[PDB]
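Asker: Experimental coordinates follow, after the sequence.
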Amino acid sequence: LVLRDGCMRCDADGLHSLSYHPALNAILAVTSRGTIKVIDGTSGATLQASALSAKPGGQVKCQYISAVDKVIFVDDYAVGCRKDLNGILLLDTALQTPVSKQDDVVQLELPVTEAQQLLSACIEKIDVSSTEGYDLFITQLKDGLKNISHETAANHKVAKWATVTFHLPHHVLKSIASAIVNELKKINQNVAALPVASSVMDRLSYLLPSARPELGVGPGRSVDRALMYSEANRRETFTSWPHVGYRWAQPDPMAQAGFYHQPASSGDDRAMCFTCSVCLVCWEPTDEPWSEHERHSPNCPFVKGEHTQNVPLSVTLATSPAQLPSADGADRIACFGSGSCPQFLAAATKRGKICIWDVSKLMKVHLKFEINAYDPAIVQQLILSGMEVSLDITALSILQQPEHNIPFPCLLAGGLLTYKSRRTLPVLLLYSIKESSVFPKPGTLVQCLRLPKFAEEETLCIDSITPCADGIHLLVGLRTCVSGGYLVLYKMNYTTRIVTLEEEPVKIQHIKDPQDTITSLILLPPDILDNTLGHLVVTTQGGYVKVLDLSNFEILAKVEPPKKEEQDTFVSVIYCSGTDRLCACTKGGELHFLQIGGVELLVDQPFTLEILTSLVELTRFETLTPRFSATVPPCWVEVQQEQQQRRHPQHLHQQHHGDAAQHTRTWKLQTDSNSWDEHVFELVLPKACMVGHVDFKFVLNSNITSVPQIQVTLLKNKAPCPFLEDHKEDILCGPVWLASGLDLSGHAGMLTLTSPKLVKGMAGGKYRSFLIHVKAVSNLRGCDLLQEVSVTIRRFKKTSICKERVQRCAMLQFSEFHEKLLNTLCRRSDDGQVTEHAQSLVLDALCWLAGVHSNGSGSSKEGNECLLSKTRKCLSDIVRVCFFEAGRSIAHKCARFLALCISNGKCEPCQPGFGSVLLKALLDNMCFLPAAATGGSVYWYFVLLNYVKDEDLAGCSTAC
Amino acid sequence: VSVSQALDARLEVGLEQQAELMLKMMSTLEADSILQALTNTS
């Protein structure tokens, strides 16, 4: 049974198809009229509404590919490709083809904030107004920003997704952009609108094919300095680079660093920069490009991070113009499909023309061919049935083998062969893709597989081709051109250099009911329902959502369609991986969210070494996810990748400690924004798992001497100052002091946020997202002292024993466990004698507990007062054994434990002074100082005495 | 007043980094205090 977890009405005209973006937590809902609605993944608020049409009257389909992190929008005529731009997708120009003439009116979609710096630059600093068409551009900018200003006040997530659109001729736009960049040159200050206008002129350059000059990558050809403000041009300069095998002289980090290849007779690896023109030759494999750029030109504005004309790869790949599959543009796309190869995308027309594109890098044509209907493999299958022959393509999929030569990717096309004997025969076609025992040419037919006879008898066609998750099996969906269709399961053959298919299918399922005809299908990852070839979720023609096991085609669950306020039949379904629920749309425009569905305690067992080793395995931590979804206030910016390159180089950037650094997100504050208080950072995790702690790094202003009162809080995302007051039940960690997490240097500081409520909060796996609110309690004001902020989220380490969570809850919850921990540490154990290694194990577990309810800092804090009480009960003994009998490592751990207790003693209301009783314990233990074994324990003893002697000085005066 | 910095980067994944920082600040503060006493006598 699958439960209906709420409903909202998305559109009045109905919904058609759904897609989901886990990296931004957004559902792309397509309506019946061709409009795509952007809906937030947990709140359900409509973030953006846009109408997409290359030509009027076409139906719109959208699909996201996870491995290339790109969303493909397909209408009847154009495909294109677009991707993420600083948290958003640019939709309004996603289906825009390049124009032919200069006077053609073009569309330019621009996000809100850099449109605001463009407006501020054009009003406060820049005079263009003698240029033609300036007033209409200014009017369009004002009207767009004023129309958006009503939408921005409803929600922050709606506010960040909005976009300004312009509708102007191309010559007016390039003249305005050229005037703006020339004025920003002669005014000559670092204004943030200069990269924006350089990007606008770059997009206008890509929007006309004849405005692009030919690439001058050759000996003797001079490259124009105007085209190298884009990073993509710097990337295509290195096509003839002689140092491909170099570790750091790869084309991408140094196209990122501003360098380009312009070879000369004096050097084949000759490389200069685009904005400072420093000339560098004779590259060695140990030269980092950023380090060499800073070394040979430290005065370069691109090295210093100032606002240059640099158009990065992100904006260019996020503003790719649409490409028609054919040159004429009057052709309708019959079908499209992306299979197990995520870097390739293919579309087919009505007469048999197939164009294959590569979507890893910038959107380009990989292969174009037309299917011949008189291929001898098809003629052989026609002969085997024993003359006008036509063939139509109904489905597409691109197949890659799961990981001496590696076998090449291949294309699968579903064909419906028509002949007069008028009879229809559905066939499957296998083609070769990659450019080069005769090797087949790309676009040639490899295998023509005939469907079994019931498809020809019932006049069926191939509806969907989707590979399975294991890379071994494949499912084919059949429908009528009355039986409800078929589900046919095939097996791929990997016995040779080309991926082929077995002729006999493994499993065939008959859909007898025409109301059970398949309308949409998605394949679930096997790891979700492990609490077998996988699981299949199918929406039917009658409106039923059915859960099917892929091995035996058995209905596991069934969801009836809702009733209209006639039944509102379900149309398409998508699985939201971030929130682990199924989004299903109806023909009435409603979206329905569907959710799929005594112990031995180690604290109660006697404490030998194996139990303590298990306990510290529960205490241990690790990094959590490669990247969590997080959006910002507009005053905070997402960092460039170049700063991460300064942290870790390119080979270290992937699968290394660069992954450990890109778990961290670096966010920098600008000083132009009016408010420096109430900044809210929402932190959406891609998958729910238990969180030990989160990090909070920051850099203070150097000029200010003392830090004013600033609070940092951590909150849950129950519903996606009075902001803390409405969410006072939603806090995990309490409001902590910023100076408590300050480093010994006043400039830098690291806050760690955790609580007992944080480690006991993950009860049902429900805490999908987190919130951070920062507030300064009341020239530099508010958060303007903080130039930088950085957040790292870490999890617990996975341990092999069953039921970790209830043992963690008993670990935080039991007073008796704390008492026996410190009792076995006092060495006054009634059973056995405690070894020093077992003591160190006890200190690790106990000080982990003390750190958790130290950093909690809540109001009641029974655990904090509790552990402080039983440490005050046995303080002389813990000081004696750790600082006299044990080694200096265990004495060091006890020193950190007692220092953390000094830290949490001030948050605890603390009627007996903890420093006073610690001083009393040490002054009780002075008479054993010559009898101590190791000198480091004496040193840490004296270090603790050095702080706690400031409370009562006469005790050490007499005794010392 | 401070002569030591640069805590180990394996500590920040641990929770007790603030405690080891306050120990390091404790040692540097007392070293500064005794040196300030020896200077402040003259």
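Answerer: The structure has been received and is ready for your questions. Residues are numbered from 1 along each chain as shown, chains lettered A, B, ... in the order given.
Asker: Quick one: residues contacting the residue nearest to residue A:51 when sequence neighbours are not counted.
Answerer: Distances taken as Cβ to Cβ, 6 or more residues apart in numbering or on different chains put residue A:35 closest to residue A:51, at 4.7 Å, once the chain neighbours are dropped. In this view, the C-beta of every residue, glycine as well, is placed from N, C-alpha and C. Going by Cβ atoms under 8 Å, 6 or more residues apart in numbering or on different chains, residue A:35 touches A:11, A:49, A:50, A:51, A:52, A:60.
Asker: just the buried members of those?
Answerer: A:11, A:49, A:50, A:52, A:60 (16 or more other Cβ atoms under 10 Å in any protein chain shown).
Asker: residues contacting the first one?
Answerer: Yep, that's residue A:11 we're talking about. A:29, A:31, A:32, A:35, A:37, A:589.
Asker: Strands of the stretch 451-600 of chain A, start to end?
Answerer: A:460-467, A:473-480, A:485-493, A:500-501, A:507-511, A:518-524, A:535-540, A:545-549, A:554-559, A:570-576, A:581-586, A:590-596 (DSSP state E, counting those that start in this stretch).
Asker: mind checking how far the longest one is from the chain centre?
Answerer: So the one you mean is strand A:485-493. Centroid separation for strand A:485-493 versus its chain: 34 Å, with Cα atoms, centre = their mean, to the nearest Å.
Asker: Quick check: buried residues in it?
Answerer: So, applying 16+ other Cβ under 10 Å, buried residues of strand A:485-493: A:485, A:486, A:487, A:488, A:489, A:490, A:492.
Asker: ok, and what's touching it?
Answerer: Taking Cβ under 8 Å, 6+ apart as the rule, strand A:485-493 contacts A:399, A:451, A:454-455, A:460, A:463, A:471-479, A:499-502, A:505-511, A:517-518, A:550, A:553.
Asker: That one relative to strand A:545-549, how many degrees between them?
Answerer: Using axes from the mean of the first three to the mean of the last three Cα atoms, to 10 degrees, one finds that strand A:485-493 and strand A:545-549 are set 30 degrees apart in direction.
Asker: Strand A:485-493: partners in the sheet, and parallel or antiparallel?
Answerer: Applying DSSP bridges, strand A:485-493 is found paired with strand A:473-480 (antiparallel), strand A:500-501 (antiparallel), strand A:507-511 (antiparallel).
Asker: Of all those, which one is nearest residue A:447?
Answerer: strand A:500-501 (5.4 Å; Cβ to Cβ).
Asker: residue nearest the centroid of chain B?
Answerer: The residue lying closest to the centre of chain B (Cα atoms, centre = their mean) is residue B:25, at 2.6 Å.
Asker: Of the strands paired with strand A:485-493, flag the one that's most buried.
Answerer: Most buried of the strands paired with strand A:485-493 by mean neighbour count (mean count of other Cβ atoms under 10 Å in any protein chain shown) is strand A:473-480; its value is a mean of 21.
Asker: So residue A:117 sits against residue A:197, correct?
Answerer: No: in this structure, residue A:117 is not within contact of residue A:197 by Cβ atoms under 8 Å, at 9.8 Å.
Asker: interface residues of chain B facing chain A?
Answerer: Counting by Cβ under 8 Å from any Cβ of the partner chain, chain B comes close to chain A at B:2, B:5, B:12-28, B:30.
Asker: Buried subset of those residues, written for PyMOL?
Answerer: Buried subset of those, written as a PyMOL selection, criterion 16+ other Cβ under 10 Å:
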select buried, chain B and resi 12+13+14+15+16+17+18+19+20+21+22+23+24+25+26+27+28
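Asker: out of the residues of chain B next to chain A, which are inside helices?
Answerer: Residues of the residues of chain B next to chain A located in helices (DSSP state H): B:17-28, B:30.
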